[PDB]
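**Q** Let me begin by handing over the structure; questions about it come next.
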Amino acid sequence: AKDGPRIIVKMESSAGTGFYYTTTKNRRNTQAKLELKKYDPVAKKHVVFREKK
Amino acid sequence: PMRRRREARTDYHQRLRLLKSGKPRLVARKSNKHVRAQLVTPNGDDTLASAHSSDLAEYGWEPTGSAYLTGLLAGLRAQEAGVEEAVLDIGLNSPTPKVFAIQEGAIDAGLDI
Amino acid sequence: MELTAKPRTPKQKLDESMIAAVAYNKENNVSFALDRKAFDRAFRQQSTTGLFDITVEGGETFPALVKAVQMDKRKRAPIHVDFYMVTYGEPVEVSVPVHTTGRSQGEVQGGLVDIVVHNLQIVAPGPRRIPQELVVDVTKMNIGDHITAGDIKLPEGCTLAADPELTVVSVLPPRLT
Amino acid sequence: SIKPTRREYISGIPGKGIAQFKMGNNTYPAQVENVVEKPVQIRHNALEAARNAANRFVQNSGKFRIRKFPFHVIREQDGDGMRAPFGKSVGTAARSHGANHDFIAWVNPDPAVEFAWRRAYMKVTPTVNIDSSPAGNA
Amino acid sequence: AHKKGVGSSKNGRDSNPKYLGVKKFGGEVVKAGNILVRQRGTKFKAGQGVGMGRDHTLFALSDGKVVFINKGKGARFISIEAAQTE
Amino acid sequence: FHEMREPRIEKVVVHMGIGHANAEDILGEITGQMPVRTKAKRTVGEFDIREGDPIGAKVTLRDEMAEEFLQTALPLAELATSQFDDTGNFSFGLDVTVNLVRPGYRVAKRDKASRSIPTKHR
Amino acid sequence: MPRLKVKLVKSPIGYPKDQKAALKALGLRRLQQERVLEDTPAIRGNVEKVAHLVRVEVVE
RNA sequence: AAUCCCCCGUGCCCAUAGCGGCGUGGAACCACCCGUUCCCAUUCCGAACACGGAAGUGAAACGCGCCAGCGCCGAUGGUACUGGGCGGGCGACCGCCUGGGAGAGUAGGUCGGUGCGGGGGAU
RNA sequence: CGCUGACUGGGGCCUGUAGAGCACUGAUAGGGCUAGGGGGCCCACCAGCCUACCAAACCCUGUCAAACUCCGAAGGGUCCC
RNA sequence: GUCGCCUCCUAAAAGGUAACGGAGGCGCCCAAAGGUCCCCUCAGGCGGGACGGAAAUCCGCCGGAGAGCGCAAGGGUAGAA
């Protein structure tokens, strides 16, 4: 998107490998290297999910 | 404010919450002195004195049991009518240990909740 | 005094020489009668300031007359009045005037004057029991003084359908005090 | 009836600049007064004035009361020329709704004040109506 | 290379609110009443409003849809007599 | 009925609060109902501009508790006069007040028929 | 069955849209002609609105 | 057990039920009440939420009644505005003909009306 | 395709200008009650005193609003008959 | 000068319309204003007391919610967002 080194930075998150990812917008603003949550890659379902990229 | 926005305490709307749907308003009206619930179900529904502390006298087992039974039975009375799965009615206060009690009733009462 | 009519005809009526005016009374009304010529005379006297009544079929010779109306229109010539009697001993809504004299205090010496947002006095003394002309003027006037409700000074019939401290009549600088 | 941009964005919230209401003196009955019939964004200024000159010629007792007061206004030449016209304000008043209760020459027997107001009408602008009130003028 | 002031001049753009289907017509599981999208429909007609009473839409199917506050979310069912046994 | 108006406790606070950590801990030991509220404002009448800080201390204490305090705390205060305010109630000292409790007090608590507490009962 | 008998007058030349329809409706071809109908508030209405349109007669 | 009086859960009609002034009720009802080990529980205390129980009380929240002062409701006859038709004035505008016809403004009206169930109270 | 169409009669459901209205808001005038500034007086840390000048807010008499409306029609709409 | 987009007014009352006609906001953001389950009852005014004399902090009364909601308006609306 409109890449603006302004606390506005786009990122994703793997599925422990579940394989690929899924969309997400972000803001250093707070918690830098902070970013985790679960989902479900083509890999079965669910799976921890770091976001960092 | 509108009648229900200047007084205080109630939540009636947290009743209408379940109103939407789910089943009978297994509404359980309390007053320590005893417990009394009906069964307001959708459509200008009604009720069937399913369980009351007086209906069968008020016994002498306090909270505990009372409920334990009032409910059960209640549940008994109804499932004779032709209900089945009825939605609970915290009528008021938080599913206090009373409440919870009665509650049991239903459940044990076999009237799914 | 007299005034007739009561059918169902306001336009033409409301026209010519006869002005509308309902037959209003506690419990019953009856088509508008009267006339645009009587209103004159009498009204001219002092509508809701004294009182009389007219003989329509000798029907019911009673008082109360007007409790509303208006010369409304732009022109300033009334049309469509209200009429209500009172053969009861309940007479309340009684608004009769009150006059001073000129007592010399701020005027004929200080030139100063005085506003009288009052003048009238809607009260409720002894029903069918009021002096068409009641006067009360303890005098006083000038500088930054003022008098209103509160003080006043009511005779006989102890009503006051009104309140205290409020638009009585003070003395202001017609130029400077 | 073109009127203004708003009561606080263009020009709304003023004192309008004038010379207050009441004058003359009391009076319970005597109904002595003035009103109109003409419609016109009563020329403030012209207004303010007028009425005043009224006191100028009398002085004291005669309800030099007056029930008027402008409160909105026009606008015109300021900027380019004639086209896309922004707006520069000036001259507020109030609509004299085709006649109505003007100002009052109210008092017992004091025509010495009736003539006054009279002098007051003369002035004014939109013709004016010379009149009396409930009862007349004594 | 900028923009100016003292020229307020600021036209406004377009909307498109409505009551679509108004009150009491052939009811179709589709946009009920509208004046607040994201809306959250309801059940049958609606009668709740900053007015007092209520409004029936002698038209019944799945559901309709609200407008956020205005109108007055549905709930006071009302399938309509035209919802009985064929 | 002289068995009415005739009193029976009713609340009674006792606190303090400085544009600030712990001082309320000297508060905890004297009783047992900690007050945690946030004063504020935005000026320099003391250096208290901070309009959103936690300095307000207030150790609520009606009935039961207050009793132990009214007790062990009523001896060191020397006055008994004026400090008597209208609304049947009063406040002395480093910060303390107590309210009367005539029979027509409570009702003023109802969300409904909230009788604006008549002035002949209180 | 109040039967109504109207005639044609003041050409609707350029006059209100609808109004015209009420013309072709009631049944209104050429000018100054005469037609009749039953009271029927319907037909009635229309015509009336058309009022000034021409002339109505209670006949049969 | 298929009638009225009462209280209690409680619903519809969004103040002709609100405010407040005086009053009345506790056998029954209901609350206040009596205590606080354990269920749960207060950012502070079992005030509120809460478990167990008599005595005490109707003070308080409360229910029925009376009171128009504040409110709320609100006609008839009436005036503005106007759909439609046609005339006067250069003029801002005025008027007529036909169906619609408010608010405010006096009368006066209101101190709810009514559902279902539960406890009794009427062999 | 064939009575569905402009239009009228009926029936619901809507919009809420014109008008009107002052409790929402912002004006604004005559005034009363009042505290803020006065102002003259004990010399005035007195913060005690009277009162004719300006006011804020509440109360009475009044009045303007397209970006106000507790109120509310003319009329237009839309589905059905 | 100005061009996009969000709101008011203009639109005459369904919807919707110019004007270089009125006024005002946006090319953000919030990882927790997210999802639910559980509790809260606003501003304000008045009356009484610490540090406090605008302007808190607590305690006791009054309240068609006039506060409240990251941002402009407008709708909403505590039952509550």
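Top line first, the protein sequences correspond to chains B6, BS, BZ, BQ, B0, BG and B3. Sequential numbering from 2 applies to the first sequence in the deposited numbering. Positions 9 to 49, 52 to 72, 74 to 76, 80 to 111, 114 to 129 (the deposited numbering) are the ones given, in order, by the second sequence. Sequential numbering from 1 applies to the third sequence in the deposited numbering. Positions 9 to 12, 15 to 36, 41 to 76, 82 to 157 (the deposited numbering) are the ones given, in order, by the fourth sequence. Sequential numbering from 2 applies to the fifth sequence in the deposited numbering. Positions 10 to 29, 35 to 107, 128 to 156 (the deposited numbering) are the ones given, in order, by the sixth sequence. Sequential numbering from 1 applies to the seventh sequence in the deposited numbering. C-beta: ideal position from N, C-alpha, C; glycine also.
1) Check each residue of the segment 135-150 of chain BG: if its Cβ is closer than 7 Å to any Cβ of chain BS, include it; give the result in chain order.
2) When we look at the beta-carbon of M13 (chain BG) and count the other beta-carbons within 10 Å, is it buried (16 or more) or exposed?
3) The alpha helix (DSSP H) with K24 (chain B3) in it runs from where to where?
4) Classify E47 (chain BQ) as helix, strand or coil using the three-state DSSP reduction.
5) Taking 8 Å as the cut-off, decide whether the C-beta atoms of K38 (chain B6) and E52 (chain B6) are in contact.
6) Can you tell me which of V113 (chain BZ), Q45 (chain BZ), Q12 (chain BZ), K11 (chain BZ) puts its alpha carbon nearest to the alpha carbon of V66 (chain BZ)?
7) Helix, strand or coil for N69 (chain BQ), going by three-state DSSP, please let me know.
8) Does the CB of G13 (chain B0) have a neighbour CB from chain BQ at under 8 Å?
9) Give the interface partners of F90 (chain BQ) over in chain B0, defined as CB-CB distance under 7 Å, in chain order.
10) Taking the continuous alpha helix (DSSP H) assigned at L24 (chain BS), which residues delimit it?
11) Restricting to Cα atoms, I'd like to know which of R84 (chain BQ), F105 (chain BQ), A154 (chain BQ), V50 (chain BQ) is closest to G6 (chain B0).
12) Would you call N12 (chain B0) buried or exposed, if buried means 16 or more other Cβ atoms sit within 10 Å of its Cβ?
13) Is it buried or exposed for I129 (chain BS), if we count other Cβ within 10 angstroms and need 16 for buried?
14) Quick one: list the residues of chain BZ neighbouring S75 (chain BQ), beta-carbon separation under 7 Å, in chain order.
15) Taking DSSP's pairing of strands, which residues face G155 (chain BQ) in a bridge?
16) Among residues of its own chain, excluding the 5 on either side of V136 (chain BZ), which ones have a beta-carbon nearer than 7 Å to its beta-carbon?
17) Taking only the alpha-carbon atoms, compute the straight-line gap between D129 (chain BG) and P152 (chain BG) and give it to the nearest angstrom.
18) Roughly how many angstroms lie between the CA atoms of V135 (chain BG) and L84 (chain BG), to the nearest whole one?
19) Under a CB-based cut-off of 8 Å, is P97 (chain BZ) close to chain BQ?
20) Give the range of the beta strand (DSSP E) segment to which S105 (chain BG) is assigned.
21) Starting from the C-beta of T4 (chain BZ), find all residues in its chain whose C-beta is less than 6 Å away, skip the five residues before and the five after it, and write them out in chain order.
22) Please report whether the beta-carbon of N36 (chain BQ) lies at a distance below 8 Å from any beta-carbon of chain BZ.
23) Using a Cβ distance threshold of 8 Å, determine whether the segment 59-78 of chain BZ contacts the segment 1-18 of chain BZ, with at least three qualifying pairs required.
24) In whole angstroms, what separates the C-alpha of residue 120 (chain BG) from that of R29 (chain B6)?
25) Is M33 (chain BQ) near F83 (chain BQ), with beta carbons less than 8 Å apart?
26) Would you say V92 (chain BQ) and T111 (chain BQ) are within 8 Å of each other, going by their C-beta atoms?
27) Between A95 (chain BS) and the rest of its own chain, which residues show a CB-CB distance below 7 Å, the 5 nearest in sequence each way excluded?
28) How do the segment 54-69 of chain BQ and the segment 133-148 of chain BQ stand: do at least 3 beta-carbon pairs fall below 8 Å, yes or no?
29) With a threshold of 8 Å between beta-carbons, can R74 (chain BZ) be considered close to chain BQ, or not?
30) Hey, how far is the Cα of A21 (chain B3) from the Cα of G27 (chain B3)?
31) Per DSSP, what are the beta-bridge partners of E38 (chain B3) in this structure?
32) Give the single residue among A162 (chain BZ), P78 (chain BZ), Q132 (chain BZ), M141 (chain BZ) whose Cα lies nearest to the Cα of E107 (chain BZ).
33) Tell me which residue opens and which closes the beta strand (DSSP E) that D40 (chain BZ) is part of.
34) By the criterion of Cβ-Cβ separation under 8 Å, what are the contact partners of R17 (chain BS) in chain BG?
35) Can you grab the Cα-Cα spacing for the pair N48 (chain BQ) / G52 (chain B0), in whole Å?
36) Buried or exposed, going by whether 16 or more other CB atoms sit within 10 Å of the CB of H11 (chain BG)?
**A** In terms of the structure at hand:
1) Hits within the stretch, in order: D145, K146.
2) Stepping through the sixth sequence from its first residue, residue 13 (chain BG) is reached at position 4. Taking all protein chains shown into account, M13 (chain BG) has fewer than 16 neighbouring C-beta atoms within 10 Å of its C-beta and is therefore exposed.
3) On the seventh sequence, position 24 is the one that residue 24 (chain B3) refers to. Residues 21-26.
4) Your numbering for residue 47 (chain BQ) matches position 33 in the fourth sequence. In the structure shown, the three-state DSSP call for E47 (chain BQ) is strand.
5) The residue given as residue 38 (chain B6) occupies position 37 in the first sequence. The residue given as residue 52 (chain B6) occupies position 51 in the first sequence. Yes, they are a contact pair.
6) On the third sequence, residue 66 (chain BZ) is found 66 positions in, with the first residue counted as 1. Measuring from the Cα of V66 (chain BZ), the nearest candidate turns out to be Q45 (chain BZ).
7) If you number the fourth sequence from 1, residue 69 (chain BQ) lands on position 55. Residue state, collapsed to three classes: helix.
8) Residue mapping note: residue 13 (chain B0) aligns to position 12 of the fifth sequence, counting from 1. No - not a single Cβ of chain BQ is within 8 Å of the one on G13 (chain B0).
9) One-based indexing of the fourth sequence puts residue 90 (chain BQ) at position 71. Counting only Cβ-Cβ distances below 7 Å, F90 (chain BQ) has no contacts in chain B0 at all, with the closest Cβ about 22 Å away.
10) Working through the second sequence from its first residue, we reach residue 24 (chain BS) at position 16. Residues 20-27.
11) For this step, residue 6 (chain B0) is matched to residue 5 along the fifth sequence. For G6 (chain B0), the closest alpha carbon among the candidates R84 (chain BQ), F105 (chain BQ), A154 (chain BQ), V50 (chain BQ) is that of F105 (chain BQ).
12) In the fifth sequence, the residue the question calls residue 12 (chain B0) occupies position 11. So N12 (chain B0) ends up on the exposed side.
13) By 1-based counting over the second sequence, the position of residue 129 (chain BS) is 113. Flag for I129 (chain BS) reads buried.
14) Here residue 75 (chain BQ) is taken as the residue at index 61 of the fourth sequence, counted from 1. Correct list: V113, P174.
15) Residue 155 (chain BQ) sits at position 136 when you count from the first residue of the fourth sequence. DSSP output for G155 (chain BQ) lists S152 (chain BQ) as bridge partner(s).
16) Here residue 136 (chain BZ) refers to the residue found at position 136 of the third sequence. Sequence-distant partners of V136 (chain BZ) (beyond 5 residues in either direction) whose C-beta falls short of 7 Å from its own C-beta, in its chain, are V98, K153.
17) To locate residue 129 (chain BG), count along the sixth sequence from 1; it is residue 95. To locate residue 152 (chain BG), count along the sixth sequence from 1; it is residue 118. About 28 Å.
18) To locate residue 135 (chain BG), count along the sixth sequence from 1; it is residue 101. To locate residue 84 (chain BG), count along the sixth sequence from 1; it is residue 70. Those two C-alpha atoms are separated by around 15 Å.
19) Locating residue 97 (chain BZ) in the third sequence gives position 97, where the first residue counts as 1. Taking Cβ atoms only, chain BQ reaches closer than 8 Å to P97 (chain BZ), which makes this a yes.
20) Taking the sixth sequence and counting its residues from 1, the one referred to as residue 105 (chain BG) is at position 91. Per DSSP, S105 (chain BG) belongs to the beta strand (DSSP E) from 103-106.
21) Translated into the one-based positions of the third sequence, residue 4 (chain BZ) becomes position 4. So the list reads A33, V56, once near-sequence residues are dropped.
22) Walking along the fourth sequence from the start, residue 36 (chain BQ) turns up at place 26. So, interface residue.
23) Between the segment 59-78 of chain BZ and the segment 1-18 of chain BZ, the count of Cβ pairs shorter than 8 Å is below three; the stretches do not touch.
24) Coordinates for residue 120 (chain BG) are absent, as chain BG skips straight from 107 to 128.
25) Numbered from 1 along the fourth sequence, position 23 holds the residue referred to as residue 33 (chain BQ). Numbered from 1 along the fourth sequence, position 64 holds the residue referred to as residue 83 (chain BQ). Their beta carbons are under 8 Å apart, which means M33 (chain BQ) touches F83 (chain BQ) by this criterion.
26) For the purposes of this step, residue 92 (chain BQ) is identified with residue 73 of the fourth sequence, where counting begins at 1. For the purposes of this step, residue 111 (chain BQ) is identified with residue 92 of the fourth sequence, where counting begins at 1. For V92 (chain BQ) and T111 (chain BQ), yes; Cβs fall inside 8 Å.
27) By 1-based counting over the second sequence, the position of residue 95 (chain BS) is 81. Hits under 7 Å: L58.
28) Touching, yes, given that three or more Cβ pairs across the two stretches are closer than 8 Å.
29) By one-based count along the third sequence, residue 74 (chain BZ) stands at place 74. Yes, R74 (chain BZ) lies at the interface with chain BQ (some Cβ there is under 8 Å from its Cβ).
30) For this step, residue 21 (chain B3) is matched to residue 21 along the seventh sequence. For this step, residue 27 (chain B3) is matched to residue 27 along the seventh sequence. When rounded, the separation of the alpha-carbon atoms in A21 (chain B3) and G27 (chain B3) is 9 Å.
31) Your numbering for residue 38 (chain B3) matches position 38 in the seventh sequence. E38 (chain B3) is bridged to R3 (chain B3).
32) Taking the third sequence and counting its residues from 1, the one referred to as residue 107 (chain BZ) is at position 107. Cα-wise, what sits closest to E107 (chain BZ) is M141 (chain BZ).
33) Against the third sequence, residue 40 (chain BZ) aligns to sequence position 40. Per DSSP, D40 (chain BZ) belongs to no beta strand (DSSP E); it is in the alpha helix (DSSP H), 40-46.
34) Locating residue 17 (chain BS) in the second sequence gives position 9, counting from the first residue. Residues of chain BG with a Cβ closer than 8 Å to the Cβ of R17 (chain BS) are, in chain order, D145.
35) Taking the fourth sequence and counting its residues from 1, one reaches residue 48 (chain BQ) at position 34. Taking the fifth sequence and counting its residues from 1, one reaches residue 52 (chain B0) at position 51. Each residue's alpha carbon lies about 45 Å from the other.
36) In the sixth sequence, the residue the question calls residue 11 (chain BG) occupies position 2. An exposed status is given to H11 (chain BG), since fewer than 16 other beta-carbon atoms sit within 10 Å of its beta-carbon.
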